[PDB]
């Protein structure tokens, strides 16, 4: 059997937010747009979905949306590869934001932010951006400026393209048109675009010399540079909008593709070998199989669903593997992946992907399931 989506096109993401930021609505919109990704045009532990861009401008990407509400929150940081930090445009950075931010830094998790609720009374995008800097110590770089705020919120400006995004209300924002930046925003957009170009220029000596030399960096140069810096945990890119009003999540999904890491963009997972020496497993189908079980869900029709993240190699239905923590063998039977509106039966799971096994005999959350001939304990 063959791999259908290249590993570099996977995005394992978790959504982190305070209770009042609109996490449930943001997640529901992500699942809505990524469930109809081929029609887009110019409670599961993990849900499989697809995205090819608001304008079908990217090859198809596989997005795994991982539910991420001490050890549990830290395990989730190892299951996802990148995070989307959701903040309220009114409330901004809360005390609980400071705590989750620290777990994210501990596991060096690249992230972008989505400032939601731009249509609510008291919305102030740049105030939230400034709070990310002053309260969390983040080098927060806006990718956009909102068009209006509160009852006047109508869209967002993509600072790189210098175009306003006008989403179609009738089709729930499945389609949109790019418009000229409004005259009353031109000055602010120029200032904030220069801010993001400066951030891009810091990525390499070649780009810095071009920037200081008076030449304009291209959109491709800017995006590659910003991606490098996000992956290196140097900056957090900021998007905004309203999930409920169908204006913003779509552009944030483009940002997930453009700036968040693939399984191959983060360091190889570390573990302990049988002889007590440290080992590692690279994000490759050719490496020996290794995975971490991260959630056990009950189901009244088939029994326990053991959710696992594969870090290396491949596992097929029928394979017998080792639970290295328990020193017991397990044989995989039925494997499934949850989509937004249905469950899909699959026969194999490869490096960088997530799925759930049915009928495993004795697997605890935190257990490593790996190759018998190449044992390792990841957690």
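Numbering follows the first chain given and starts at 1.
Visitor: Going by the record, give me the number of deposited-sequence residues missing between residue 42 and residue 43 as none, 1 to 3, 4 to 9, or 10 or more.
Guide: The entry has a long gap there, with 10 or more residues left out between residue 42 and residue 43.
Visitor: Between residues given as residue 69 and residue 70, how many of the deposited sequence are not built: none, 1 to 3, 4 to 9, or 10 or more?
Guide: Per the record, 4 to 9 deposited residues are absent between residue 69 and residue 70.
Visitor: Higher average CA B factor in the deposited record is what I'm after, so tell me if that's 80 to 88 or 148 to 156.
Guide: Mean C-alpha B-factor is greater for 148 to 156.
Visitor: Quick check: 114 to 122 versus 231 to 239, which has the larger average CA B-factor in the record?
Guide: It is 114 to 122 that shows the higher mean C-alpha B-factor.
Visitor: Would you mind checking which of 364, 16, 25, 12 has the top Cα temperature factor in the PDB entry?
Guide: Among 364, 16, 25, 12, the PDB entry lists the largest C-alpha B-factor for 364.
Visitor: Per the PDB entry, which option out of 173, 142, 274, 267 has the greatest Cα B factor?
Guide: Highest CA B-factor of the listed options: 274.
Visitor: Could you say whether, by C-alpha temperature factor, residue 73 belongs to the lowest, middle or highest third of its chain?
Guide: According to the entry, residue 73 has a C-alpha B-factor in the chain's highest third.
Visitor: Using the B-factor values recorded in the entry, state whether the Cα atom of residue 213 falls in the lowest, middle or highest third among the modelled residues of its chain.
Guide: It falls in the top third of the chain.
Visitor: Residue 200: which third of its chain by C-alpha temperature factor?
Guide: Ranked within chain, residue 200 CA B lands in the lowest tercile.
Visitor: C-alpha B factor of residue 322, ranked within the chain: lowest, middle or highest third?
Guide: Ranked within chain, residue 322 CA B lands in the highest tercile.
Visitor: Sorting the chain's modelled residues by C-alpha B-factor, tell me whether residue 348 ends up in the lowest, middle or highest third.
Guide: Middle third, going by the recorded CA B-factors of the chain.
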